[PDB]
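Each answer follows from the model by the rule given with it, or from the source it names; no laboratory instrument gave them. FYI the Cβ positions are ideal-geometry reconstructions off the backbone, even for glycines, and counts take in every protein chain you see.
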Amino acid sequence: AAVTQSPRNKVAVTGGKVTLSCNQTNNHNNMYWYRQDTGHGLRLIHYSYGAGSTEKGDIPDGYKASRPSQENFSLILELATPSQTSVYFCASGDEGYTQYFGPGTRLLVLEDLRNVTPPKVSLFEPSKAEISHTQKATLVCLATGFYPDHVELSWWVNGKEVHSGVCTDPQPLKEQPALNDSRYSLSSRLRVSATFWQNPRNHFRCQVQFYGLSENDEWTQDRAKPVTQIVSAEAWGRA
Amino acid sequence: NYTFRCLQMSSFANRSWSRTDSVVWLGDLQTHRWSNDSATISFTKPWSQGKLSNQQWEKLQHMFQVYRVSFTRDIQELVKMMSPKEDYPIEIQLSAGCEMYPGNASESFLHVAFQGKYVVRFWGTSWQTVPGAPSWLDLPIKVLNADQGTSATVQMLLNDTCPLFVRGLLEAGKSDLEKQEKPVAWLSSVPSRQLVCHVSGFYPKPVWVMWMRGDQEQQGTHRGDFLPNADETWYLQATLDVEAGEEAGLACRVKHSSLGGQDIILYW
Amino acid sequence: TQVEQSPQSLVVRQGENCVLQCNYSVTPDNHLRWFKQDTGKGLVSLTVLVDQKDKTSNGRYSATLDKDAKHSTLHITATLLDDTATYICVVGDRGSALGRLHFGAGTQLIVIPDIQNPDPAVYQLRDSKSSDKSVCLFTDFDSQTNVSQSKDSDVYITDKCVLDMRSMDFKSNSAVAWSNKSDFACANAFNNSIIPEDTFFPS
Amino acid sequence: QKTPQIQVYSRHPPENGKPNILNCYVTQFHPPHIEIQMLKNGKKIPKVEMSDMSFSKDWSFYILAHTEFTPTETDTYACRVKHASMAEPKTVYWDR
Ligand SMILES: CCCCCCCCCCCCCCC[C@@H](O)[C@H](CO[C@H]1O[C@H](C(=O)O)[C@H](O)[C@H](O)[C@H]1O)NC(=O)CCCCCCCCCCCCC
Ligand SMILES: *[C@@H]1O[C@H](CO[C@@H]2O[C@@H](C)[C@@H](O)[C@@H](O)[C@@H]2O)[C@@H](O[C@@H]2O[C@H](CO)[C@@H](O)[C@H](O)[C@H]2NC(C)=O)[C@H](O)[C@H]1NC(C)=O
Ligand SMILES: *[C@@H]1O[C@H](CO)[C@@H](O[C@@H]2O[C@H](CO)[C@@H](O)[C@H](O)[C@H]2NC(C)=O)[C@H](O)[C@H]1NC(C)=O
Ligand SMILES: *[C@@H]1O[C@H](CO)[C@@H](O)[C@H](O)[C@H]1NC(C)=O
């Protein structure tokens, strides 16, 4: 009873065509699209009772729906506007009453893309004082200079993601609050045992998935095109 | 041996426009009506609440106030499910109730017609298509049957509530159900030639009308259909072929419960 | 707006119970579902109540539904940190796909974690590639401690944040500070915060 | 679609100058949307009551219209019905 959405996060300009996709393998006849905006509960946009059909929901305006097949339900915004900034959930069901929800797709629609900038990423290595005082070792990751704030920071140890012992700022901070389109910073921490950190065969890496332009978006400036990309920083444990 | 009938007629002209109207009969007497414009069900008889308490009735009406709104949206959503297979205008008719028998036994039914064709019934614990019904309904049925709570309630209304209610209706309405009203007869004729014997204002329905020359019931007497009057009595006519000149000595004779054995004899 | 939730947000100490309420006017009310949604994530279903007077449970979660009062509550026994989440009430108006779900706007729960053994310290950490870059890390303070922003707008201070080393059944608060410049040190980093008397500042 | 059957008859034995009630019984039609008029000398009679529409065991619809009327020698009474199933509307005259 599983549902996937792509992409999971999108940055888009005003007037852009944006397509949000949903896929389900359960052979569920019925699919649904919703948006979630704080201070409101989920709201139904379009739904479908089967391939080749769609139906208006409560808030259809500005969205077209496409049901090409049993597996696929697509939300299409022909002329994206800032007001469609939101989190979009897809859902599926058989004849019964349960709807099984996708993981959600975050969308931000900007007036201009002129300020989109990927982050620089730095990894800071545990203090020898901390080690001797607590027998723990704390790494710090720093992501700076990015705009907009659509980033996923994750930690990997020996090529597998770790969640235990991790905490990341609920929200990025603005590097220059006095400014309109200010850039953002975000910090994160991974604490391990001193001996885990002391192990020279443990590769630690901080990873930040930034969401920006697409290879197809137009880019009129002299700097490198701020595409959706991963920037990351990395270190090996030591004795 | 009285049949209690709820007759729901629902029209769906397009996506937005819809109306639902019901009448309820006990035998051939109307007990309720519920017009799309009315938020509540109306009594057409002083005894139409039967032996239900005010609590029991309000609860029963409320059950229905919600069914009416819900049924409507469900049909609309089913049309969305089939399309372009099926489309508006659409007429759905329901016929539901129970027949009461000597003493205790009874039998409940709930029958559905789509576009004036009988196709669906509730039977046992679920909805099912009847024979000759089109296969496409197998989707609506499967969806309707998914609704466990609607099923449980329908079972409760057919199995328990309906006979209980009707048991009580027959008690409250014995007086009207057993009313006796005398018919009144008159004669008239038309060319072709053809005599008519008009019998009107009788209740209940069972009646006997034959033309006769003395003690001789005529072969060709033709009983028409029972036509209703607006005051809940019946109208019927009986015709007979004749060569002009043969009218001499013909009688219309009418037997009926109300007359206690004094048949109406009308000579020409 | 047929599904109202209360309270809109609450703050509890780890270990405490709480009750969340949902009040609706949806008709019909076939069933009621409680979702748990972690910040930036999806909707996890905790329970669904279907009977006129109904009671359910799922670990430390229990719930009630009274269809006459059109009321539901959700009880969390002995709250834990991971219960920090938005809790969403949803009413379904059919027992089938013919229905529509009516979502509440939610209740925001924050759980203050218990800090069993506080050891407040500020450490200095080095960039792995650039030796001359560093951050300052204030850590292992208890939950009475508040992390203020600096007076200097060239100094960056993130807000407090709790990590859980599930393996060692151990939790710690942390905040980070850094600065463009380097007439800046860690001793003078959290100056504009009420930090505990016994705070470790390694030489 | 099935065509409507119209039957016109009086409640009491008709006799000139004597107040009575006239019935128009319309049956055997599908769909249910219909228009019934009762006419005196070609003009619509103003106070016409309608029964609630109903249907029979064959699922076809029926409805009973009635109006108060006085029979005279010269006044003609008719019932006019428009339906989807009919190009033009159908007029059945009262004949005693
Ligand atoms: C192009 C499509 C063509 C379709 C043709 C097939 C038509 C067959 C239709 C059969 C009737 C469908 C009616 C569905 C009614 C439900 O929508 C409605 C609402 O249900 C919702 O609320 C219920 C409640 O509040 O009690 C339950 O909670 C339910 O789970 C939830 O989904 N159901 C009701 O209102 C329940 C009562 C059903 C009454 C119908 C029977 C009426 C006749 C019995 C009369 C006997 C006299 C005593
Ligand atoms: C209610 O009654 C049915 C059986 O009665 C028939 O169906 C009704 C809807 C109505 O039309 C009656 O006049 C009919 O005679 C019960 O259905 C049976 O359920 C059992 C177990 O639940 C199952 O094994 C049988 O197959 C069913 N019988 C038939 C004939 O289909 C039903 O359980 C009753 N429910 C309640 C809540 O009282
Ligand atoms: C039949 O009745 C229903 C409900 O009584 C009517 O639907 C309502 O119509 C009003 C006024 O037009 C709307 O404001 C409401 O929102 C509707 N309520 C509903 C759908 O529950 C319907 O209009 C009536 N139909 C006709 C043809 O008179
Ligand atoms: C729907 O049905 C009615 C009656 O036939 C009609 O008058 C009305 O215009 C229709 N409405 C729409 C929106 O098509």
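Data table
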| read-out | value |
| --- | --- |
| Any hit, the range B:60-78, residues being within 16 Å of ligand 2 (Cβ to nearest atom) and farther than 21 Å from B:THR150 by Cα | no |
| Answer residue from the range C:41-58, given it is facing chain A (nearest Cβ under 8 Å) and part of a loop (DSSP other than H, G, I, E, B) and is surrounded by the most Cβ atoms within 10 Å (Cβ to Cβ) among those | C:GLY42 |
| Tally of residues being within 22 Å of D:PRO71 (Cβ to Cβ) and either in a strand (DSSP E or B) or facing chain B (nearest Cβ under 7 Å) (or both) across the range D:30-49 | 8 |
| Test: B:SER22 is closer than 29 Å to B:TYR88 by Cα, hydroxyl-bearing (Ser, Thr, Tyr) and surrounded by 20 or more Cβ atoms within 10 Å (Cβ to Cβ) | yes |
| In the range C:172-187, residue farthest from the other protein chains (Cβ to nearest Cβ) [restricted to those that are surrounded by 15 or more Cβ atoms within 10 Å (Cβ to Cβ) and over 27 Å from the mean Cα position of the chain (by Cα)] | C:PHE184 |
| One residue from C:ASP119, C:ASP198 being within 24 Å of A:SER164 (Cα to Cα) and out of contact with any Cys (no Cβ under 8 Å at 6 or more places or on another chain) | C:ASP119 |
| Filtered residues of the range B:82-95 (kept if within 7 Å of ligand 1 (Cβ to nearest atom) and either facing chain A (nearest Cβ under 10 Å) or not charged (D, E, K, R) (or both)) | B:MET82, B:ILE90, B:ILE92, B:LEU94 |
| Any hit, the range B:145-157, residues being away from chain C (no Cβ under 14 Å), near ligand 1 (Cβ under 6 Å from one of its atoms) and over 27 Å from D:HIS33 (Cα atoms) | yes |
| Test result for C:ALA78, more than 10 Å from every other protein chain (Cβ to nearest Cβ) and more than 30 Å from B:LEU144 (Cβ to Cβ) | yes |
| C:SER167 assigned to a helix (DSSP H, G or I) and outside the structural domain of C:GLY42 (by CATH) | yes |
| Some residue of the range A:57-78 being of a type outside the set (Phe, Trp, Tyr), within 12 Å of chain C (Cβ to nearest Cβ) and in contact with a strand residue (DSSP E or B) (Cβ under 9 Å, 6 or more places away or on another chain) | yes |
| Which numbered condition B:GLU99 misses (of (1) surrounded by fewer than 16 Cβ atoms within 10 Å (Cβ to Cβ); (2) assigned to a strand (DSSP E or B)) | (1) |
| Check on B:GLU58, of a type outside the set (A, V, I, L, M), away from ligand 4 (no atom under 16 Å from the Cβ), farther than 22 Å from B:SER108 by Cβ and surrounded by 15 or more Cβ atoms within 10 Å (Cβ to Cβ) | no |
| Complete set of residues in the range D:14-44 that are farther than 30 Å from B:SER18 by Cβ and surrounded by 17 or more Cβ atoms within 10 Å (Cβ to Cβ) | D:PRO14, D:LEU22, D:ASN23, D:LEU39, D:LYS40 |
| Unmet requirement for A:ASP149, which otherwise passes all of (1) closer than 30 Å to A:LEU113 by Cβ; (2) assigned to a loop (DSSP other than H, G, I, E, B); (3) away from chain C (no Cβ under 14 Å) | (3) |
| Lone unmet requirement of (1) more than 19 Å from the chain's Cα centre (by Cα); (2) away from chain C (no Cβ under 14 Å); (3) more than 8 Å from ligand 1 (Cβ to nearest atom) for B:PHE109 | (1) |
| Listing of strands (runs of 3 or more DSSP E) fully contained in the range A:7-56 that carry 1 or more residues being under 17 Å from the mean Cα position of the chain (by Cα) and basic (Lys, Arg) | A:9-13, A:30-36 |
| Conditions (1) farther than 18 Å from C:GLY99 by Cβ; (2) in contact with a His (Cβ under 9 Å, 6 or more places away or on another chain); number of the one not met by C:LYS41 | (2) |
| Test set (1) within 13 Å of ligand 2 (Cβ to nearest atom); (2) part of a loop (DSSP other than H, G, I, E, B) - B:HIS111 fails condition number | (2) |
| Qualifying residue in the range B:12-22 (condition: within 21 Å of the chain's Cα centre (by Cα) and near ligand 1 (Cβ under 10 Å from one of its atoms)) | yes |
| Looking only at the range A:175-208, and only at residues there that are more than 10 Å from chain C (Cβ to nearest Cβ) and closer than 28 Å to C:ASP154 by Cβ, the one that is surrounded by the most Cβ atoms within 10 Å (Cβ to Cβ) | A:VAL208 |
| Close pairs (9 angstrom Cβ cut-off, 6 or more residues apart or separate chains): closer than 30 Å to A:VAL227 by Cβ in the range A:119-130, part of a helix (DSSP H, G or I) anywhere | A:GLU125/A:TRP197 |
